[PDB]
Every structure is written in C-alpha cells, then in structure tokens.
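Only one chain is given next, in structure tokens, and it is the form deposited in one PDB entry.
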C-alpha cells in the first residue's frame, strides 16, 4: 500500500482554493472578521510568524465552513522604522527592499496553505494608503488632537530619530535593544491621546482580551488621584495653588517651592531678598530643562522672605524658589513634603527645613530621625481627623474635605503622555502641514492630498543623519501658503509607522475607496474584529494606539463601535533550540566563558546544573570536543534560528508544519519547534492516510445513509464517539484551543482503528470518515481535501460543518 506524500498535492489544492475564491469576502455581509497582525516586511517570514498566521487560517476556514461570511485579510506594514532600518542595514533602497520582501512573504503564506482575500491587500507605503493617513491627520488637527510643541523628547542615536514613549522599552529603543535612548529638546508633532485617557481606561472593562494586556494598559495610562491645594500667603491676597499627586501628605508640607519663572517668585520676594532672587531667576533661565532635570547636580534655592499658611495645620511655612521646580508642569509650584518625597528630603536636609512624618509604614514604624523619605502607601498619622486612614483612601478623603471647605479641588491626572508622531526619517507619510513666515502653521487642503513623498533614489541621501532627509530637498519643501499665497515650507518630518497600523483593519473593509479612508456602511458591516491574533509586544503600542484611533473615528461619526477588537488572543512565541557556545563543568558548577555568557545575555559566569535545567537549557557534546550550552530562544533573525517556510515545506510539507505548530502547546503558551514535533506530525498524517487508504475500496461501495436509532453494539458506540469528538473539536476551535482539538482528532482516529478491528466498513463508519475530513480541514487542509476527493465531488469549503447530535451525547 502507498503512503502519505505531501509533494504535489499541496501545490494542487493551493491553486484550487485561490482560483475558486472560497476566501473572498463580500463587500457587505452572520459574519466573522478574523484578523492577524500584519507583518513588517523587514525580513524573511519564519515559523514564528506562521504560528500567528496559521492560527488565523484555522479559524477562518472553520468559520467559512459553518456558513459565516468571513473576512480574513493580509497586507504590509511597510512604512517607517522596521522596513527602512532593514533596507538601510543592507545598503538597499526602502522601496526595492520592501517589495522584494512582500513577494517573499506572499509565497511563504501561500505555501503553508494560508488563504486570504487578496483583493483587500493594503500596502501602507503607497500613496493610495498614506493619503488617508494624511486625511485622518487633518481631522485630528481640526478637532484639537494634533499639535506642535517644543519639549524634551526620547532620541535613538542608531535610528537618528525621536521615538514615542511607548517605543522606549526598559530604557532602550524598541528596535535597538542594545541602545539606550537619549533626551533631546525639539519641536515635534503630537497626537493628543490623553484626551481619550479615561475612555481608554474605562472601556477595557467590557473587553474579551487577556487580563495581562488589560493590566499593562491600565498601568501605562496610570490614572491617579490628585489635587490643587491653595496656600494663603501671610500678609497677601494671593493664595498659591499647588498641584500634588499626594494630597494624603498635606499635613506634612513644611515649605512651598515655586519655579524660578513663577510670577510670584519675584512678586513675593522681600525687598532685601530681591537682588538674590533675581540673580537666581536669571541663572535658572540660562539652563536647559535637561540641565534642570539633571540629578546629582547641586541642590540650590533661595528663601523668598515670605510665608504661607498650611491650610490643614494652620501653620506658617516658608516660601522658597528652587531650580528643581519647573514652571511648565502642574501649577509651577509645589508643596514640599520631605518625609515622603525623596527630592524634598534631600533639599530639606541641605537647607535645614523641617521634616514631618504623616504616613506611617505598616509593620515596623519609621525610625526617628528619618534617614530617607518614606514614599510608599501607609497609614495617616499627625493628620488630625484623618489619623488611621489608609493613605490611598486618604487621598480621596482629603480631596473631599478640601472641596467642602473651599481649600482646593480634586484633579485627576494620568501617567499617559501625548503621542509623539513625527520622525526625522525619509520612509514614512509626509505630515500634511505648511509653515508660513506670516500665518504660522497652516494645513494642506484635503483636496491636495496626497502630499507625495519625493522619490529620492540615492541610499546615502536617504540615510538619516540627525535631521529629516527631506530637509536637503527644496524641490519638495518649497511651496506656497494655502492661506495667504506667499512662500511657505512643507513640514519635513514624517509620521511614525504606528500611525499606519492604527487603522489598517478599517481599510480592509473598503480597500479601494479613493474618497474616504473607508465608507462607514462597509466598515460598520464588518466591525468589530471578532478575533484578533498577535503578539503581546504591542500591548501599549499598536493595541493602545488603535483603540485611540477607533474612538476618534467613532466620534467623527465614521465608526459605530468604540472598540476595534472585540476578541484579542495573544499567541506565545515560537522558540528554537539555539547553541550559545562552549562551557566547562566541574562538579555541580558550569563555567561560562565570556562569549557564551554574552550570547546568553545573563550576568552569571557560573551556573549550577540545576540552574541550567531550570532555565530550559541542556549541555550537548560538540565535535569541537567541548560541551555546548543549548537553550530554546525566540525564533527570529537576530538569533539566527528561524525555520523558513520554503525550505521546510519543500523538504517536508505544509500540513506537517501546521500540525507541528498547532499541536505543540496551547497557542497562548510559548512552544519549541522540534524534530520530535515534526516526526509526530508525520506520524499522525500518515496514520490518517493509511486508515482511509486501507478502506478506500469498501468506502466507495458503501452509502453513508443510516438511522442512528437503529445502530447497535460497536456501531452505536462509534456514533456516540463521533459526536463527542465533534462537540469537543467545535468548542476547542471557538476557544482557539487548537492543540486539544488535534488531540481529540488523534483520539478519534484511534477509535476508528479500534472500530475496524471488529467491524467492517459500514454506513456509520463512512459518515465518521466524512465528518473526520471536515473536522481535519481547518488544521491539515491539503490532506483533508485530497482524501475528500477520493469519495465526494466538491471542496470541503462547500461541505459545511457537521451538525452535532446532542442526543448522541447522552
């Protein structure tokens, strides 16, 4: 008897499914929008990417079989840093690089039997897409959500551009993990995402997303209970407002500090102090914010010779000015609480100011004297009637009391900052603004979009050196002012890649509209995304930014939903066994040579055998005569451990790779790509083929029609097992439990073998085989389709999903 042979059959079915257009989505649709995170065309796709993309294909096929109108699209996140950094690293022009990579990625997807509605392809670096970036940008400008501001920004010296706060990961560039970001002062474009902070927080509650992602976004947004508190100045009319995120500490405010630039600094200075204060104010203004944000620097300040009354204690406190208080934040004035704020602690110690404890540490009380500030939550003490209150609650109680007594007011604030979107890079969407010497910043009219990127041909011209490459090109930026008609300069910064990806899932609903980003009728018919699949690395990047874009476009009236992704599933990383290099072992201790340690990215030069085990590593004898330390590491280019699709499917096959992926572990978990997994996939597919091949002749002479209620013995038993299997596989598919679905098919395959020991090929067996192939199709579609055609005329796409007999489960 012949054996399963994936060669030839896969190419045959791949072409068939595409020709037939089974995965073409209707312009207006039950619907299911199954979305996977579209890739940066920055390199070869490997099995890691293909775990994400096979997962979407499984669900898309399953839903399509059930009768849903299914939208399952693909496209290219082709602008900004990832495409351009990759092209530039290999001295290639971005456009050439991007389209070569797209061609390769398409083939990788096709060869795995993944099916998209390719009629909905988007390529974000094309003006047919980026013109709509520009349109959205103009609407944001119009609605008070896009602005230019001077201030401190994060700078990647390798990218040679500013980055958004979200693109800084443990102090490093999201793209250059070895490179600490630096601070610069620059005038840049921002999207006012903080205008949506409360909605972004509150609207997480209804969401079928992993709790870890919700927690990351909650922490990132970082809502806090704050207050403005008024301090009356002794002998004066003015009451100084201070902004505080610790209103619970008010009874411990022992002095006030005003920014040097605060109008009251010179206004309140005693006559004899004025000279000294003015000199200090002038010295401060000679510094940069960075310089005033510097630490380890001398603590400086001047006492103004003025006092304020603490509104809680009714006690007189001195008013100082000091460099460390910045004029542009809060009210430009602070209450200093040396017992609980370390900056104030060090200042008070230097200048001999009182330190007063008002938050007690739970467990062991704070010592006397206090040697450093106590900055964590505790129990209010020396705080009059608030004594004993847990301090976070006490914030709310002090705010209520302030408001009641006319002494201040609650002010809610957020850790979240506005989104720095402009980039000093060529390969990105031009910002649709003009700078006129007379009018200021003026928008490009909607009717002139796109503002086309100029076609720079020389890679060395494009290479970013600190300024936008477009600054070298007056043929692009020299223009006329739309407002007054005089000479003006186009903005020369471009939009970050995350602009593009914040609405692509809407473009897929209307991919060729040349009058709007999309028609709301079409978007609203397909939205929200029923199931989104992609990596947790986007938790506060794309998965936050997209929610902002959707709420904005909703507020413009263009989108009915306020949440773009109703379900989000974060897939764990595919890892590969990776050689980190030689080690030496003596007893229980493994010595790591420097190059081995550095590749592992760990501080230890010595690990115990137990440490090696616990990190998932092992020691393997090498030909070089040493033991090498091997460990699973995330599949990626940087580790040189990618399993690429072309070579693998040529040597083995697509269904083999699909089963390897899908069976390895729960999809939310990490998995290791292994030879054992590949062999297990072969064993299963071979066993399916063998069972059906063994019975092919008998199956051809058997009808599938029977009456379930007349079955007896093993026939009745098989019918029950069949429906148990169907229930389990269907529910697992709905839940993305893909590995246990496959386990259920493996177990039912065993049942089919066991059945055939006692029973011949019967009508019920034929129906079981039919149903088996239908249930197999989302997972191993090529084999399923191959065997289906041995007995039945049309595609598995046309066969439907089998109907569950609930009575069979009793």
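Think of the rigid core as the biggest set of C-alphas that the two forms share within 1.5 Å after superposition. Numbering follows the first chain given and starts at 1.
Although it is not shown, the form deposited in another entry is what the next lines describe.
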Check your understanding: Quick one: with the rigid core lined up, which of 180, 646, 440, 595 moves its CA 2 Å or more between this form and the one not shown?
Key -> 595
Check your understanding: Comparing between this form and the one not shown on the rigid core, is the C-alpha shift at residue 487 2 Å or larger?
Key -> no
**Study point:** residue 168 C-alpha moves between this form and the one not shown by 2 Å or more, core aligned
**Key:** no
Point to revise | Core superposition between this form and the one not shown, C-alpha change of residue 332 at least 2 Å | key: yes
Exercise for review: Explain in one word, closer or farther, how the Cα atoms of residue 241 and residue 417 are placed in that other deposited form relative to this form, where the distance changes by 3 Å or more.
Suggested key: closer
Review point. Versus the form shown, are the CA atoms of residue 417 and residue 329 closer or farther apart in that other deposited form, given a shift of 3 angstroms or more?
Key: closer
